[PDB]
RNA sequence: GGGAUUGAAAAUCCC
RNA sequence: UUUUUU
RNA sequence: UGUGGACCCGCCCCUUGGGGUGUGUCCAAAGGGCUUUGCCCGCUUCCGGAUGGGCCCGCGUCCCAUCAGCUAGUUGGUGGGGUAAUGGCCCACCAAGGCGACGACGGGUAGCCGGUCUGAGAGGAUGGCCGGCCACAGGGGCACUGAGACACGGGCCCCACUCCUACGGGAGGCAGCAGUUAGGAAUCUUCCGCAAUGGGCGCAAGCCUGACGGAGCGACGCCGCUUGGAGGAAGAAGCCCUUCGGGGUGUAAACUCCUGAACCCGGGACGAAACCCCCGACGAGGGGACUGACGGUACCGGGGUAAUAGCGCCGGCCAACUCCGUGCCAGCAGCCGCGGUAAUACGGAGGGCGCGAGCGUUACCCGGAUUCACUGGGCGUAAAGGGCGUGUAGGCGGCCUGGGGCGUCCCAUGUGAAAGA
Ligand SMILES: [Mg+2]
Ligand SMILES: [Mg+2]
Ligand SMILES: [Mg+2]
Ligand SMILES: [Mg+2]
Ligand SMILES: [Mg+2]
Ligand SMILES: [Mg+2]
Ligand SMILES: [Mg+2]
Ligand SMILES: [Mg+2]
Ligand SMILES: [Mg+2]
Ligand SMILES: [Mg+2]
Ligand SMILES: [Mg+2]
Ligand SMILES: [Mg+2]
Ligand SMILES: [Mg+2]
Ligand SMILES: [Mg+2]
Ligand SMILES: [Mg+2]
Ligand SMILES: [Mg+2]
Ligand SMILES: [Mg+2]
Ligand SMILES: [Mg+2]
Ligand SMILES: [Mg+2]
Ligand SMILES: [Mg+2]
Ligand SMILES: [Mg+2]
Ligand SMILES: [Mg+2]
Ligand SMILES: [Mg+2]
Ligand SMILES: [Mg+2]
Ligand SMILES: [Mg+2]
Ligand SMILES: [Mg+2]
Ligand SMILES: [Mg+2]
Ligand SMILES: [Mg+2]
Ligand SMILES: [Mg+2]
Ligand SMILES: [Mg+2]
Ligand SMILES: [Mg+2]
Ligand SMILES: [Mg+2]
Ligand SMILES: [Mg+2]
Ligand SMILES: [Mg+2]
Ligand SMILES: [Mg+2]
Ligand SMILES: [Mg+2]
Ligand SMILES: [Mg+2]
Ligand SMILES: [Mg+2]
Ligand SMILES: [Mg+2]
Ligand SMILES: [Mg+2]
Ligand SMILES: [Mg+2]
Ligand SMILES: [Mg+2]
Ligand SMILES: [Mg+2]
Ligand SMILES: [Mg+2]
Ligand SMILES: [Mg+2]
Ligand SMILES: [Mg+2]
Ligand SMILES: [Mg+2]
Ligand SMILES: [Mg+2]
Ligand SMILES: [Mg+2]
Ligand SMILES: [Mg+2]
Ligand SMILES: [Mg+2]
Ligand SMILES: [Mg+2]
Ligand SMILES: [Mg+2]
Ligand SMILES: [Mg+2]
Ligand SMILES: [Mg+2]
Ligand SMILES: [Mg+2]
Ligand SMILES: [Mg+2]
Ligand SMILES: [Mg+2]
Ligand SMILES: [Mg+2]
Ligand SMILES: [Mg+2]
Ligand SMILES: [Mg+2]
Ligand SMILES: [Mg+2]
Ligand SMILES: [Mg+2]
Ligand SMILES: [Mg+2]
Ligand SMILES: [Mg+2]
Ligand SMILES: [Mg+2]
Ligand SMILES: [Mg+2]
Ligand SMILES: [Mg+2]
Ligand SMILES: [Mg+2]
Ligand SMILES: [Mg+2]
Ligand SMILES: [Mg+2]
Ligand SMILES: [Mg+2]
Ligand SMILES: [Mg+2]
Ligand SMILES: [Mg+2]
Ligand SMILES: [Mg+2]
Ligand SMILES: [Mg+2]
Ligand SMILES: [Mg+2]
Ligand SMILES: [Mg+2]
Ligand SMILES: [Mg+2]
Ligand SMILES: [Mg+2]
Ligand SMILES: [Mg+2]
Ligand SMILES: [Mg+2]
Ligand SMILES: [Mg+2]
Ligand SMILES: [Mg+2]
Ligand SMILES: [Mg+2]
Ligand SMILES: [Zn+2]
């Protein structure tokens, strides 16, 4: 069985971008969907859309990358330089609203899951709530 | 040497004999009362019970039983003589107890 | 018996007292019920005595007993003035 | 180790062993001498190093090093132990305080006088 | 007891003129004139490229010796600046500048730091009407630093103030020259100090 | 507030008394995962009402005996013996791991 | 305890 | 055979 | 005598033994003083308050698993004893229970905390002084008196020790303040005082208080402060080096002028205002009087002398270099290493660096150490994958929906003593 679907999705994306794949499919789950909504909304991916692979529902994540570069290693700079699962099973991480970090001195995001929905660290701070620290993206 | 706080000890042994005496009466009367409650004499048992009670509260007056200890002994005594009087009841005097 | 007295909080040769409600049986610099004032005897500052009268009057309605000096300083701050 | 593992077992603090059983963990310890010897050093060097077997107030008989150019330390003389190993002599884990009870300071010692326990002289 | 001994030797060991001697650090006798190399037998030898530690050491000494202070008060003042709100670098300088002896020197009452220290020590200095004999007394802004009228008739004070006529004073200071008054208007800024010292190097000497 | 816990009765074999097993969830103070600890209380059952496998509330109470400071508030869930089976099995493993 | 010997020392040889 | 590769 | 309270029983309301009520029974006390017809200090019963406390519970609280099984009042019950009070706290009888790998039982170690130290923090270390709690009073047991003790300067008994002893028998108990001795690397005065604050008794006057306030000793810590400031030679003597030209110590000394630590003289405290007296009613309020250890000390004013410097270091880490002596010697040494004829490492000197009434050393704690890795490590060859499986406990858990709201998150609130920060 898949042990942690979210780490699996984070990683599907990580690997996918490391070889500069146009898209990548991840098994559909509402919570995953709500994550991809934050990635999209924050400009980390081009977007996502629901799809059916051999009858089973998935999410096509369309990733984005920077400009093709100069002399050797023309490979573009990454948009998602770093994706890390934080609160995994068997070691859970919940933060109060004053425990919510500042990711990359501002330039990254910390996806929280709050009782008021899946927020970024900014969204969840200005909403005045904390919750489970899902992952760093930056 | 020779603190006259020793006076205190001299008084201790005085009060020890006061306390010790009244208690000994209490017990010796209490048993007496119960002995007649078990033996079905109602009037005598109640007559003695009233003297027990009086001696109890009188010992509460001073430093022997001062607290609800006296009330403890009263409670247990009245319960025991009523219940022991339940064998062929006939509460003749009916003084100490309530209707 | 609960008492109103002073507790010395200055340093050597520099006393500062804390008018204080405590059980008579505790140490003088020990744990008290309530701090209800301070006393500076060398009068080093403009305000060297503060009381909060209406609290002292509480502790007197329930029978705290002030020291002769505590009562001196309380009276001075007008705890007993009834006009 | 998994989090479950660290929960179940947990880390193990590294107990540090003393390098000097001058007992009571004391800063110094007085003892009487047993012998006053001269030992040959480890491989890279060679000399005659004056050491001493000491019976200690802690209940220990240990070797101590006698610093300085020359000493008066004798068989029965009492001395204070400082601690600190002599590298190039195995077994010697403690030094000897010069300028203590029966151990004279170094005569004519003009440079490092705190160590070696010698007074301050006069200049005419 | 502060450093007491030959001073124009530290002028040399730092490599910069140290005006602790007061006058004669101006007349071409300072020994920084025609002797800029450090003291000792090996002074005229070619010096080796100093270690990174050596640099921050000589900078801290260069400042310390300038104000004429023990290491103890020096470091306690520094840690005070490290705790206080604001730039540690300039806060420290404002604090050293706030020493009563340093103010006295700075007000032109004394030829030198050391002389200012003795003048304070002997109670010749007034602060807001009161005698103060501590060279370490922290001057606050708005404090009037005067000369005790007892000593106003002394020839050393009239001697120095005589040369202070028309001499200009630091933008955070002001003085009346006849009545021998003076006032600490505000704390000096970095730009208010010409100190040939890099503060960052000193801060970086205490990170270790 | 009198403390009140909810647990599962794992012992019937006393008179007027039942053993209640109360789990408890809390994050580890250093390693932070949620750990599950559990404690057994001897709860007072005056009517011999509650049976094995019952899930009962238990209330801080005036001491009944040594080791009895709680009384059985009420019944939450009747007779789920799977809990009792986990406790019994765990007890049973201890017969190994000795010699 | 000195010479030969070795950068020196051991070993070896000489009074 | 022992130290010192200079 | 019965305001009232206590006990049995009944009824009501509450809900664990909380409040009311009825009948019955039981229970109170002390006087003293004067300005002696009225008032002050007391006394009795009851309710309430305030303060101090008992007992109970949840949670947290070091190491060893080379300690794995423990338990006979042991676990529960009924009744009883006891206590202020629940309770195997004890007792009788009944049931056969209770605890343990979530570490029972045993062993080692140890007062706990507020805090303190360190650290970027997380953490580690620690609990001296000060504050709070506990425990103990030569070792062990015990009760008495009392609101309160199972009582440091109270009692009884057993044990060990010191002293008296008419040999029959007695007296003791500084872990109270000083002081002695022992041990130890090491820890103070057989000091002043009731003036302050605080406590006990007293209507008060007042008495006691080694609590306390002060002094004494010890650089043990912290902090402030002095051993001079300004002028003074392209540069004395001595010392050191040298290419023998000179270089250094160095404006440093001399010497010129200025100030004036010590010390002398005089003045000289705050801490002290109540208790008390008088007016007013012994109230509010007003008024008035006595009251010092520190101490003639602090402080002020006058006069006034140039007037202790030390210790470590100079091979790298690490800031500071040359000469001579010594030749695997004498010795240095935190680690790496120096010395076997030119040693910046040994020893001295000149010089220099670092601190400065201190400076070094040893011990111990944290740091660097991401070197027990929660933050924040690893296991092919460096230390580390169990020889393999099956599987118990435990850990962990795919997609949708709904209830709950245990974890999780938010708001309010009580708490988080004072000190410290
Ligand atoms: Mg008496
Ligand atoms: Mg009899
Ligand atoms: Mg009693
Ligand atoms: Mg108390
Ligand atoms: Mg008023
Ligand atoms: Mg182990
Ligand atoms: Mg001798
Ligand atoms: Mg700062
Ligand atoms: Mg300004
Ligand atoms: Mg730092
Ligand atoms: Mg049952
Ligand atoms: Mg029971
Ligand atoms: Mg078993
Ligand atoms: Mg040859
Ligand atoms: Mg060799
Ligand atoms: Mg009545
Ligand atoms: Mg009645
Ligand atoms: Mg009567
Ligand atoms: Mg009478
Ligand atoms: Mg209470
Ligand atoms: Mg019972
Ligand atoms: Mg009692
Ligand atoms: Mg029994
Ligand atoms: Mg458990
Ligand atoms: Mg112990
Ligand atoms: Mg800190
Ligand atoms: Mg760290
Ligand atoms: Mg501890
Ligand atoms: Mg601890
Ligand atoms: Mg102590
Ligand atoms: Mg004992
Ligand atoms: Mg005892
Ligand atoms: Mg009493
Ligand atoms: Mg006793
Ligand atoms: Mg006791
Ligand atoms: Mg005693
Ligand atoms: Mg005899
Ligand atoms: Mg001794
Ligand atoms: Mg003392
Ligand atoms: Mg005297
Ligand atoms: Mg007194
Ligand atoms: Mg008094
Ligand atoms: Mg009285
Ligand atoms: Mg007396
Ligand atoms: Mg004292
Ligand atoms: Mg000394
Ligand atoms: Mg001079
Ligand atoms: Mg003169
Ligand atoms: Mg006074
Ligand atoms: Mg006065
Ligand atoms: Mg009158
Ligand atoms: Mg008055
Ligand atoms: Mg008086
Ligand atoms: Mg006097
Ligand atoms: Mg004077
Ligand atoms: Mg003069
Ligand atoms: Mg001189
Ligand atoms: Mg250093
Ligand atoms: Mg160097
Ligand atoms: Mg040396
Ligand atoms: Mg030679
Ligand atoms: Mg040579
Ligand atoms: Mg050589
Ligand atoms: Mg040398
Ligand atoms: Mg060296
Ligand atoms: Mg040397
Ligand atoms: Mg020298
Ligand atoms: Mg100092
Ligand atoms: Mg020291
Ligand atoms: Mg270490
Ligand atoms: Mg660490
Ligand atoms: Mg290691
Ligand atoms: Mg290690
Ligand atoms: Mg890890
Ligand atoms: Mg590693
Ligand atoms: Mg190998
Ligand atoms: Mg290997
Ligand atoms: Mg294998
Ligand atoms: Mg293997
Ligand atoms: Mg799930
Ligand atoms: Mg589950
Ligand atoms: Mg739901
Ligand atoms: Mg909830
Ligand atoms: Mg709160
Ligand atoms: Mg606080
Ligand atoms: Zn100069």
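Chains as they are written, first to last, in the deposited numbering: chain H, 1 to 138; chain T, 8 to 106; chain P, 1 to 83; chain L, 5 to 128; chain D, 2 to 209; chain Q, 2 to 100. For every residue, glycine included, the Cβ atom is placed at its ideal position computed from N, Cα and C.
Got a sec: is the Cβ-Cβ distance from residue i to anything in chain L below 8 Å?
i             : result
residue 95/Q  : no
residue 100/Q : no
residue 29/Q  : yes
residue 36/Q  : yes
residue 42/Q  : no
residue 88/Q  : no
Pop quiz: residue i and residue j are said to be a contact at Cβ under 8 Å. What is the actual Cβ separation, rounded to whole angstroms?
i            : j            : result
residue 74/Q : residue 57/Q : 7 Å
residue 53/L : residue 93/L : 6 Å
Using a threshold of 7 Å, is the CB atom of residue i nearer than that to any non-hydrogen atom of ligand 5?
i            : result
residue 96/H : no
Rounding to the nearest angstrom, what Cα-Cα distance links residue i and residue j in this structure?
i             : j             : result
residue 22/Q  : residue 82/Q  : 13 Å
residue 140/D : residue 150/D : 20 Å
residue 72/H  : residue 66/H  : 16 Å
residue 13/P  : residue 41/P  : 11 Å
residue 78/H  : residue 11/H  : 15 Å
residue 57/D  : residue 19/L  : 38 Å
residue 85/T  : residue 64/Q  : 27 Å
residue 94/H  : residue 29/Q  : 13 Å
Under the criterion of a Cβ to heavy atom distance below 7 Å, does residue i qualify as lining ligand 11?
i            : result
residue 49/Q : yes
Please tell me whether residue i has its Cβ less than 8 Å away from any Cβ of chain Q.
i             : result
residue 134/L : Outside the displayed range of chain L (5 to 128) lies residue 134/L, so it cannot be described from this structure.
residue 84/L  : no
residue 70/L  : no
Following a CB-centred definition, is residue i positioned closer than 7 Å to any heavy atom of ligand 1?
i            : result
residue 14/T : yes
Strictly under 8 Å for the Cβ-Cβ distance: is residue i near chain H by that measure?
i            : result
residue 33/Q : yes
Looking at ligand 8, does it come within less than 7 Å of residue i, judged from the CB to the closest heavy atom?
i             : result
residue 208/D : no
According to a CB-to-CB cut-off of less than 8 Å, which residues of the segment 78 to 93 of chain H neighbour chain Q? Across the segment 78 to 93 of chain H, CB contacts with chain Q closer than 8 Å involve 90, 91, 92 and 93, in sequence order along the chain.
So if I threshold CB-CB distances at 8 Å, which residues from the segment 52 to 66 of chain Q count as touching chain L? Of all residues in the segment 52 to 66 of chain Q, none comes within less than 8 Å of chain L when Cβ atoms are compared.
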